[PDB]
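>>> Output the structure for:
(2 chains, ligands or ions: 8)
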Number of protein chains: 2
Amino acid sequence: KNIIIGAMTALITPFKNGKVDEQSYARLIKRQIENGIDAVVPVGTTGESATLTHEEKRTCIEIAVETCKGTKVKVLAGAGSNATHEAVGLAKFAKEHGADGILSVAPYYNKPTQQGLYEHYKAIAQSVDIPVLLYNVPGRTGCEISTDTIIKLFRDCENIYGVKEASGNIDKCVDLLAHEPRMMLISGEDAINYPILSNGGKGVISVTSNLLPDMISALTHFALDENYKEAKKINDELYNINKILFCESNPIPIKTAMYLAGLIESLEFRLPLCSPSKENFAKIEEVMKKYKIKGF
Amino acid sequence: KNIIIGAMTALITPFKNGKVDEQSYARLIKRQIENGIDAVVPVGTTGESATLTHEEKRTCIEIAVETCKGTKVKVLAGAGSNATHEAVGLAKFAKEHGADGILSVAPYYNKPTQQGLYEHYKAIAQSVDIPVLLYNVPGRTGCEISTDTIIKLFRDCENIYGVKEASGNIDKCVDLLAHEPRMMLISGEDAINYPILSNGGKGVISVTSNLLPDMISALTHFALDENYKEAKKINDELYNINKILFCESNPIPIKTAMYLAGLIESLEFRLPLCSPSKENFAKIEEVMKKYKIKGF
Ligand SMILES: N[C@@H](Cc1c[nH]c[nH+]1)C(=O)O
Ligand SMILES: N[C@@H](Cc1c[nH]c[nH+]1)C(=O)O
Ligand SMILES: [Mg+2]
Ligand SMILES: [Mg+2]
Ligand SMILES: [Mg+2]
Ligand SMILES: [Mg+2]
Ligand SMILES: [Mg+2]
Ligand SMILES: [Mg+2]
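Numbering: from 1, shown residues only, chains lettered A, B, ... in the order given. Ligands and ions are numbered 1, 2, ... in the order given. Pasting the structure now:
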């Protein structure tokens, strides 16, 4: 299978006076490239996929693709939807605009059965010829892609090569790689990056790397080299910021941290997301103080 | 406040060869009207809102509006979204196409904060001049509209008149009506229709009424007339079917039952929804046996 693994960043989408700040977006991607990231995920959850227009999503993917041209960094475009015809459309769209692969979140809100998730992802995978990474996040979607469904999709569909797991369930991570050790398990939960990698996971799709790309890159590469002592040390150092970045729903804290670091011009979100409380603003600012944040 | 209350039906959307069966839709709505329903909800969750196109939603709303002309029955159109700009647009769309009010589900997947939910619904309510019913269903959305936020919205926004509660939490229902007894609490969970109504709730937005509209209307109207004994008796009779209609994610069981009863032509869903398991198919058919299902 063709794969996209390693240290990856779920990119924030900066807004300026209500519009995508395209220069800021390109600069942030260059900063990620220059700090050792192996792939960027435009218009994922952290990128406020739900509230971007088709035209804004096209712009973001094209900027990611153009900025990564001539480097080793891959573009793994968010393309999921809770309507299968839409998810197929978004997959084809991402491929046509140059993406190296797609991240495709489990349908949210309408709670399909396992049979339905199987047919959903089978349809998407048959629609394009680029790698497909499943994305399980039951706390946001209301459903879970079971281990058996993930394993059947990996075994039956040529482009489906693994899953980004954001379920806080290390037992599921064991179940997955004990029964299907050829899949790429990708951490979708920064606080437990090291435990997932040490069980044979092969990458992270990170929120914290927006702010500390160098640290998340090193963590992941140490771990892939089986320098587990060094990878755990970084994971442990990162725990406080990894947790504070979810004091409110992601990406509210990470955008706040990026703004406080001077990495984006404006602290703007698209409704229904909005600025954090004053208390959480101060807690994010305080936890940031112990970390060395890279500039441009 | 202008309100829409009483016995209401979350309409299934029948498909035939992948398209909305318009005739069937009109015929099902006339059947609801003839069996005492007070309002119909086109294109809600039970109507597979997530997977219908804009043209299909317009069609369903207009068929509902046209079928209710000349009757007391109101059209409370599903218009929610997890993007505030899209939810505002869908509310305007619903009003433009003849709806008497809108049902607006809490943003799913992106998990806004209470502050963001307040701003979300404030924008929607200021965009139209028709009643707005909030809709809380945390098991599908991943977030909860708190009691305090619901009460602030009801007090601050002229058009927001209550909430459809589908949270399986009668404590919340008490909390709401104990602190704000003027709002319209609407049951969004058939099995507990009578407990919600007996606590001062003023209607239901039902799944079961698709199949058994006479029994749900009678239940609701007995309760509103303070004939609690009669209302509870029908609630108790309905318990088995109210539960089996959630053996798989709604609307998979209700459409299956409608098909088994001959009320729709084809057991079709839009991916990612799909037919139930054979076992569940048999369970639904078995539970139906004790009930009298009205025809056309
Ligand atoms: N807001 C809807 C549709 C959409 C996605 N992106 C922009 N709009 C969703 O989250 O699925
Ligand atoms: N599927 C997306 C957008 C959509 C609604 N209906 C059709 N498409 C959602 O659930 O918000
Ligand atoms: Mg690598
Ligand atoms: Mg390359
Ligand atoms: Mg949930
Ligand atoms: Mg198989
Ligand atoms: Mg090495
Ligand atoms: Mg009472």
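
>>> could you pull out the strands for the stretch 151-296 of chain A?
All strands of the stretch 151-296 of chain A, identified by DSSP state E, counting those that start in this stretch, fall at A:160-165, A:184-187, A:203-206.

>>> Tell me which of those strands sits nearest to residue B:57.
In terms of C-beta to C-beta, the element of the strands of the stretch 151-296 of chain A nearest to residue B:57 is strand A:160-165, at 31.5 Å. Yep, even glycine has a C-beta here, placed from its N, CA and C like the rest.

>>> is the closest one anywhere near ligand 6?
No: using C-beta under 5 Å from the ion, we find that strand A:160-165 stays clear of ligand 6, coming within 12.1 Å at best.

>>> quick one: is that strand near chain B?
No: Strand A:160-165 is not in contact with chain B by C-beta under 8 Å from any C-beta of the partner chain; minimum separation 15.0 Å.

>>> hmm, who's touching that strand?
Under the contact criterion C-beta atoms under 8 Å, 6 or more residues apart in numbering or on different chains, strand A:160-165 has outside partners A:1-5, A:103, A:121, A:125, A:131-136, A:145, A:150, A:153-154, A:172-173, A:176, A:183-189, A:196, A:202, A:205.

>>> Return the list of strands paired to that strand, each annotated with direction.
Applying DSSP bridges to the sheet, strand A:160-165 is found paired with strand A:132-136 (parallel), strand A:184-187 (parallel).

>>> Show me the one of the ones you listed that comes nearest ligand 5.
Across the strands paired with strand A:160-165, ligand 5 has its closest neighbour in strand A:132-136 (12.6 Å, C-beta to the ion).

>>> burial of the nearest residue to residue A:71 once chain neighbours are set aside, as a residue count?
The spatial neighbour of residue A:71 that comes closest, neighbours along the chain excluded (C-beta to C-beta, 6 or more residues apart in numbering or on different chains), is residue A:33 at 5.5 Å. As a burial measure, the neighbour count of residue A:33 was computed by other C-beta atoms under 10 Å in any protein chain shown and equals 18.

>>> Regarding residue A:33, what is its secondary structure?
Three-state assignment for residue A:33 (DSSP: H, G, I helix; E, B strand; the rest coil): helix.

>>> wouldn't it be in contact with residue A:75 here?
No: if you go by C-beta atoms under 8 Å, residue A:33 and residue A:75 don't touch, sitting 11.2 Å apart.

>>> who touches both of those two?
Taking C-beta under 8 Å, 6+ apart as the contact definition, residue A:33 and residue A:75 share the neighbouring residues A:40, A:68.

>>> where along the stretch 101-250 of chain A do the helices fall?
When assigned using DSSP state H, counting those that start in this stretch, the helices of the stretch 101-250 of chain A occupy the ranges A:114-127, A:138-141, A:147-156, A:170-179, A:193-198, A:213-224, A:228-244.

>>> who wins for proximity to residue B:53 among those?
helix A:114-127 (17.1 Å).

>>> re the thing from before, most tightly surrounded among the strands of the stretch 151-296 of chain A?
Of all the strands of the stretch 151-296 of chain A, strand A:203-206 carries the top mean neighbour count, a mean of 30, counting by mean count of other C-beta atoms under 10 Å in any protein chain shown.

>>> which helices and strands does it pack with?
Applying 3 or more C-beta pairs under 8 Å, 6 or more residues apart in numbering or on different chains; DSSP states H and E, one finds that strand A:203-206 contacts strand A:6-10, strand A:184-187, helix A:193-198, helix A:213-224.

>>> at 10 Å what do you get?
Using 3 or more C-beta pairs under 10 Å, 6 or more residues apart in numbering or on different chains; DSSP states H and E as the contact criterion, the secondary-structure elements in contact with strand A:203-206 are strand A:6-10, strand A:39-41, strand A:74-78, strand A:132-136, strand A:160-165, strand A:184-187, helix A:193-198, helix A:213-224.

>>> neighbours around the one residue in the stretch 1-150 of chain A that gets nearest to ligand 1, how many?
Scanning the stretch 1-150 of chain A for proximity to ligand 1 using C-beta to the nearest ligand atom identifies residue A:50 as nearest, at 3.5 Å. By the criterion of other C-beta under 10 Å, residue A:50 has 21 neighbours.

>>> How is it classified with respect to secondary structure?
Three-state assignment for residue A:50 (three-state DSSP): helix.

>>> quick one: contacts for it?
Taking C-beta atoms under 10 Å, 6 or more residues apart in numbering or on different chains as the contact definition, residue A:50 lies against A:43, A:81, A:108, A:140, A:270, A:272-273, B:81-83, B:86, B:107-110.
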